[PDB]
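So you can see what is in the structure, the chains are spelled out below.
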Amino acid sequence: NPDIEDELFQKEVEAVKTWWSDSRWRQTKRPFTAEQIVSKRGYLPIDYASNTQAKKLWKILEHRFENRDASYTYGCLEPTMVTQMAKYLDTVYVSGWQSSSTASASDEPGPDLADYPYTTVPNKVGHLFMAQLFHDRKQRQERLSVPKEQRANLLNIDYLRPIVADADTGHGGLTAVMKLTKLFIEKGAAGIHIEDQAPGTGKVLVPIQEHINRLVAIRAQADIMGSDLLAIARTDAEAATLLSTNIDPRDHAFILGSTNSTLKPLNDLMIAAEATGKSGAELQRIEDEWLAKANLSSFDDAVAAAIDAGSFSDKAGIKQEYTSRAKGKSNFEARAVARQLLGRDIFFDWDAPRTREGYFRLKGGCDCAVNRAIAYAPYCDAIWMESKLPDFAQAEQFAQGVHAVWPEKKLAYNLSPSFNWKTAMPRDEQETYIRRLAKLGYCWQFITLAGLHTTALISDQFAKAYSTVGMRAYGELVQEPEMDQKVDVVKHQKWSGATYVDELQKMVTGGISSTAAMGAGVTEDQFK
Amino acid sequence: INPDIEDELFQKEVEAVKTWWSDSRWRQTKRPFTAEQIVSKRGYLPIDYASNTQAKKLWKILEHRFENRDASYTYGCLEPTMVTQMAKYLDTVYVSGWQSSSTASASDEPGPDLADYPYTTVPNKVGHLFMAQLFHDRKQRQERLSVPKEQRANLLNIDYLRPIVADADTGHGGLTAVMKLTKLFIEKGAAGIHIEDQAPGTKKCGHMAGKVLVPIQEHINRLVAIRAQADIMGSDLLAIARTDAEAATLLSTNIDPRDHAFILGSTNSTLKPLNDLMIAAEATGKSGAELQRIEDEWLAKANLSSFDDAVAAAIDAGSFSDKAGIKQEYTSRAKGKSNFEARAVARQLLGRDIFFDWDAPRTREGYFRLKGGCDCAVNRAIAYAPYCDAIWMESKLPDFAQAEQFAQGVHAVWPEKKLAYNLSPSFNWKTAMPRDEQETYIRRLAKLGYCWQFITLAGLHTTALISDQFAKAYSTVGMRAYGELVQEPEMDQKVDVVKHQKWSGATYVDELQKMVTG
Ligand SMILES: [Mn+2]
């Protein structure tokens, strides 16, 4: 009976290895085995509906990247929006930002801090997805009720547009990341993105290995569930200024230290200064004054500057060898190198400038982001660098930086509304911006908050007009334009599936019903 | 609880309820139960729900509107972004069952307006909007107070606390369900709720066909149960009664004599019962259109009529002397009486029993054929009035004459009755009415006493329109669409939300953090 136990195990391990050899995974590094995955499984395998959508999303993005084109979309609020988006956009984005103000699982709104319960964004995914599935059924019923020659004038909308959803930073430790991933897969996510900030928190990043572990945790949970779920890695290193801890050597090139040995450690100072009553913007001015005085820099620059100013001969020679031996090495090894080339230990204190929470100062910018992107690359299907402004030159630089090492790496891009597409750009450049970016390998792009803003705008316009000219505003600003533009929803009973469900009930009750919603005198006959 | 007193606590709480019920809020309200009965259903942890504050405010608003023959008007709200923009211009909010069905089922399974979502659905939407209203109200107080008085003049001063009126459908089941649903609504934030005289299980949008009503007494019971639960909880919650009688053609049962004048019967004694025909047709394989035609022409042959009309018809056609006289006396003695009693009158006046069978035309579910219309609706509304704070009749068109006819009908009996009106997008407004009348329709209806009016589905359609428009343009000219169609009209009309970090409360929470950290 444990005979079978082992055979069942081996056969399922074999099935997983076969799956893993599929082209979906050719750019994917797994730091675990099929045996380890399968032994985490139970005996009731499930093929999740979302898996179909993950596979669909993969083919789309593969297609786009190969043709150096882009799929682009925006953050969707709710099902009405998603049924209209489905006409023109081939993917759907679910935004953590929009969810915080609009869809917290506990109904408590607030700013974008990822401090809603973590059910929030997965629930919204299920919200939209379940609606997509419904309208898909609705439409198949309507199309199949007439012969194919009479279908040319019927809508043929693809409602099954793959959803990509915000996973924030994973909402806790690695086991939270896996449970969160699990939720997403069962709710309908085709893909999720996870960013290298620290939860509960200038932005604060986590060490490179910690985000890598997050990505591995996502993949592992997907593997356990048999899902082709896409994982998108986002880095906030472009504008980040802080780092939670310093134990990852791949980070050491971007950790800023104090080069001023006169200074008392910042935390000790701020602590003492808070006792003395002193507070508010005066503590903040102390911190700023201290930081300025500290002449922050990387260890490598600190070594080069010390070389430039000290008693040494052949200064260009010492520098080039220090670079040759120390760059991209841990700080502990860079120090040993420097001591042996300089005959002394130069002064460099990266603990002194730490914040009240113990965060290290980070040299953020495009370089930092590229360094992180390259390390994340084999653990994610696409990479995304959060952008301060829509800067094409910077987008080119990040793309080149990543592609110099991973030329096939799919990129994602945030076309953000926090920008001002007016002062940032003239009109014809705006019209081509997505297409130009697509050339660089940005194959999936999105406006995080367009759902928020379109809703805000129409609601303010209509409510205002409504309160001034009454019912006339409805005809003029809503219903007549719906009619002229042949919007779906204007015949709202049909759109909502009234016919679909009448036909359902008639099927169970002998082909007729005394209480058919769309019979007799529905007032939708007032609409052509 | 210690005994010895127990009665004392009971009798002091009873007095408090009696004092409460004497407030002018209740001057038109009939309660068929006592304060003693209500208090003895309570526990020992009384709660004043936040929704009660909103109910009192809504009441104050509607009193003012009706007394001045003006109206508050609003529309169905989808989600919090919408409600923060509505708040600037509209002093109430509507939460729609229709919209909830397509966009907010508690189980995420959408569908047409049949109230077949879990009944948690519309209360959850009420809470969704209300928790957001509360939040933005907090956000704004912090923002305004953070500067001194003399420089708040330009700051936003939006009233986010707009009272919510919510859709209770038919009550989602029996009276114990109605009370549990009412309880939810009250704890979620409702200032008022509406409930209609349809049967659950068959419930339709008012502008769908196939509507089945319940007896007048059953809807009365629903309304009393709502009030009882509000009374148990100490809320001033408004209750709005909706009747679907204007277009309904069916009735769930005929037990209530107040319905009898509107129930259609067969006058053809040659016919077998319709259902028996249907059963035989089905039992031998007939279905679909073939089955429907059997029903259709059976109904034609049956010459459907009310019993009163059948009596008049029989007088007109029979051997009688002084036919105007018997008609006079019949109408008089039979009006508003049960069918049983009206039959007895007709037998006495005519000397024989005329043929009349309203069982015979019943549907396969056992529903009766109803003679719907404005008269049927006025009858129901007049009966509902002592049990609700406003009345609403669904109509097929935005028709001023019928709206007036309904108002006159109700006010003939209850001159001070608040009315509500559905400004329905199920109407094609362009064909139903000229633009110059559209602009005055609300004001004109308010003169009749329509003091609360609402566009049920404007949330749906506004979102649908701007979404189709933007997604289309976006798909063709990319980010240019975003600057043109969204961002710059936003900046131009000074929409709140354009500064999205601030609008969302970033400053509010930042200041919270600073407070609990330093
Ligand atoms: Mn409704």
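Along each chain, residues carry numbers from 1 upward in sequence order, and these need not match the entry's numbering; residues missing coordinates do not appear. Written order decides the labels, with chains lettered from A and ligands numbered from 1. Only heavy atoms go into the side-chain values, all of them from the structure, while hydrogens and water stay out. Residues with missing side-chain atoms are left out of burial classes, side-chain pairs and their counts.

For this entry, the PDB record names X-ray crystallography as the structure determination method and reports a resolution of 2.30 Å.

Chemist: What exactly am I supposed to notice about the overall build of chain B here?
Modeler: For chain B, the count of helices and strands is 23 helices and 11 strands. Contacts spanning at least 24 positions in sequence make up 75% of the contacts within chain B whose residues lie at least 6 apart. We count a stretch as a helix when DSSP gives it H or I for four or more residues in a row; a strand needs E for two or more, and each element gets its number in order from the N terminus. We call two residues contacting when some pair of their heavy atoms lies within 4.5 Å.

Chemist: Honestly, the side chain of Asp488(A) in this entry has me stumped. Any pointers?
Modeler: All names here are of chain A. Mapped onto the elements, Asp 488 comes out in the loop between α18 (472–484) and α19 (492–495). Each residue is placed in one exposure class: buried if its accessible area under a 1.4 Å probe, protein chains only, is under 20% of its type's maximum, exposed if it is over 50%, and partly exposed if it falls in between. For the purpose of counting charges, residues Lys and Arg are taken to be positive, whereas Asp and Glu are taken to be negative. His and the chain ends are not included. Counted as salt bridges are all cases of a side-chain nitrogen of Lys or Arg within 4 Å of a carboxyl oxygen of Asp or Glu. Although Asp 488 lies buried, it forms no salt bridge, and the closest oppositely charged side chain, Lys 87, sits 4.3 Å away as judged by the N-O distance. A polar contact of 3.5 Å, which involves the side chain of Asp 488, links it to the side chain of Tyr 159. Excluding its chain neighbours within four sequence positions, the residues that come into contact with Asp 488 are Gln 84, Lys 87, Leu 155, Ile 157, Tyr 159 and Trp 495. N or O atoms closer than or at 3.5 Å make up a polar contact, with two conditions inside protein: a donor-capable atom paired with an acceptor-capable one, and, for residues adjacent in sequence, both atoms drawn from side chains.

Chemist: Explanation requested: the interface of chain A and chain B in the structure shown.
Modeler: In many analyses, interface size is given as the accessible surface area lost on bringing the parts together. On the side of chain B, 105 residues touch chain A, which itself brings 101 residues to the contact. By definition, the buried area sums, over both parts, the 1.4 Å-probe accessible area that each loses when the two are put together. Of the roughly 9000 Å² buried between chain A and chain B, counting both surfaces, carbon and sulfur atoms make up 62%. At the junction of chain A with chain B, the criterion picks out six salt bridges. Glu439(B) is the salt-bridge partner of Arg472(A), the closest N and O atoms lying 3.4 Å from each other. One can count 39 residue pairs in polar contact joining chain A with chain B. In terms of residues, the side of chain A that touches chain B owes the most to one element, helix α17 (residues 450–469) of chain A, which gives 17 residues. Of the residues assigned to the side of chain A that touches chain B, the class counts are 50 nonpolar, 36 polar and 15 charged. Residue classes follow a fixed rule: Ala, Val, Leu, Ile, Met, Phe, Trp, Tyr, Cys and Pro count as nonpolar, while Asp, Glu, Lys and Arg count as charged, and any other residue, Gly among them, counts as polar.

Chemist: Help me understand α17(A) in this model?
Modeler: Working note: α-helix, 3.6 residues per turn, so residues spaced by three or four point in the same direction. Residue and element names in this part refer to chain A. Counted at 1.5 Å a residue, the expected span for α17 with its 20 residues is 28 Å, and the 28 Å between its end C-alpha atoms agrees. Burial analysis of α17 places 16 of its 20 residues in the buried class, the great majority of the element. In the stretch just after α17, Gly 470 is the one whose phi turns positive, near 60°. By this rule, a helix spans an expected 1.5 Å times one less than how many residues it contains.

Chemist: Teacher, can you tell me more about the UniProt feature "active site" in chain B here?
Modeler: UniProt positions are given in the numbering used here, feature names are shortened, and annotations may be inferred rather than shown by experiment. Under the present numbering, the feature "active site" in UniProt falls on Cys205(B). Mapped onto the elements, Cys205(B) comes out in the loop between β4 (192–196) and β5 (212–213). The class of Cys205(B) is buried, set by a relative accessible area of 7%. When residues no more than four places from it in sequence are discounted, the contact partners of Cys205(B) are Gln493(A), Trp98(B), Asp113(B), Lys211(B), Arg242(B) and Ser426(B).

Chemist: When you look at the packing of helix α12 (residues 315–326) of chain A against helix α13 (residues 331–342) of chain A in this model, what are you seeing that I'm missing?
Modeler: In a pair of packed helices, the angle between the axes and the distance between the axes together describe the arrangement. All names here are of chain A. Where α12 contacts α13, the two axes come as close as 10 Å, and the packing angle between them is 155°. The angle between α12 and α13 places the two elements in the roughly antiparallel class. Regarding α12 and α13, the two cross each other, and that crossing is right-handed. Along the contact surface, α12 presents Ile 318, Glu 321, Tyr 322, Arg 325 and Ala 326, while α13 presents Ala 334, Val 337, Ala 338, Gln 340, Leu 341 and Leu 342. Residue classes in the contact of α12 with α13 are distributed as eight nonpolar, one polar and two charged. Note on method: axes are straight lines fitted to C-alpha atoms, helices fitted across the in-contact stretch only, with angles between N-to-C directions ranging 0 to 180 degrees. Orientation categories follow fixed angle ranges, with anything under 35 degrees roughly parallel, anything over 145 roughly antiparallel, 65 to 115 roughly perpendicular, and all other angles oblique. The crossing is said to be left-handed when, going from far helix to near helix, the turn is anticlockwise and less than a right angle, and right-handed when the turn is clockwise.

Chemist: Explanation requested: the sheet that holds strand β2 (residues 92–94) of chain A in the structure shown.
Modeler: Working definition: the strands of a sheet are paired by backbone hydrogen bonds and lie parallel or antiparallel to each other. All names here are of chain A. Between any two strands, pairing holds if DSSP finds at least two bridges. The eight strands are arranged β1-β11-β10-β9-β6-β4-β3-β2 in an open sheet whose pairing can be described as parallel. Strand pairing shows two members of the sheet lacking a second neighbour, β1 (71–74) and β2, which therefore form its edges. Strand-to-strand twist in this sheet, taken as the mean axis angle between neighbours without regard to direction, amounts to 25°. In this sheet, strand β3 (residues 163–166) lies alongside β2 in parallel orientation, the contact comprising three bridges. Bridge pairing in β3 links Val 94 to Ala 165. Sheet contacts for helix α16 (residues 427–439): β1, β10 (411–414) and β11 (442–447); angle to β11, the most-contacted strand, approximately 145°.

Chemist: Explain the packing of helix α4 (residues 79–88) of chain A against helix α6 (residues 120–144) of chain A here, please?
Modeler: Residue and element names in this part refer to chain A. The interhelical angle for the contact between α4 and α6, taken along N-to-C directions, is 55°, at an axis separation of 9 Å. By the angle class used here, α4 and α6 are oblique. Every pair of crossing elements has a handedness; the one defined by α4 and α6 is right-handed. Side by side, α4 and α6 meet where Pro 79, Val 82 and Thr 83 of the first sit next to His 127, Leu 128, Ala 131, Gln 132 and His 135 of the second. Looking at the contact of α4 with α6 residue by residue, the classes come out as four nonpolar, four polar and no charged.

Chemist: Just to check I follow, could you spell out the domain arrangement of chain B for this structure?
Modeler: Residue and element names in this part refer to chain B. An automatic or database domain assignment supplies the start and end points of every domain. Under the domain assignment used here, chain B contains domain 1 (1–253 + 363–518) and domain 2 (254–362). The junction of domain 1 with domain 2 conceals about 1700 Å² of combined surface from both sides, 57% of it contributed by carbon and sulfur atoms. At the junction of domain 1 and domain 2, the tally comes to three salt bridges. Between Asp 259 and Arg 380 there is a salt bridge, with its nearest N and O atoms 2.7 Å apart. At the surface where domain 1 touches domain 2, the tally comes to 10 residue pairs in polar contact. Breaking the side of domain 1 that touches domain 2 down by element, the ones donating at least two residues are α8 (216–233), β8 (368–369) and α15 (374–384). When residues in the side of domain 1 that touches domain 2 are grouped by element, the largest group, four residues, is from α15. Looking at the side of domain 1 that touches domain 2 residue by residue, the classes come out as eight nonpolar, five polar and five charged.

Chemist: It is not clear to me how empty space enclosed by the protein should be interpreted in this structure. Could you clarify?
Modeler: Sizing a probe to match a water molecule and rolling it over the atoms shows the empty space that remains. With a 1 Å grid laid over protein atoms only, a set of points is called a cavity when a 1.4 Å probe fits there but cannot get out and a pocket when it is open yet has protein on both sides within 12 Å along at least five of seven lines; lining residues have an atom within 4 Å of a point. Grid points are joined across faces, edges and corners, and a volume is the space filled by probe spheres set on the points. Estimated volume of the largest cavity: approximately 130 Å³. Every residue lining the largest cavity is counted, 20 residues in all, and those nearest its centre are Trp98(B), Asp113(B), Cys205(B), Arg242(B) and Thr456(B). Volume-wise, the second largest cavity comes out at about 80 Å³. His252(A), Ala253(A), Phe299(A), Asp300(A), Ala326(A), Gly328(A), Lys329(A), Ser330(A), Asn331(A) and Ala334(A) together form the lining of the second largest cavity. For the lining of the second largest cavity, a count of residues per class yields four nonpolar, four polar and two charged.

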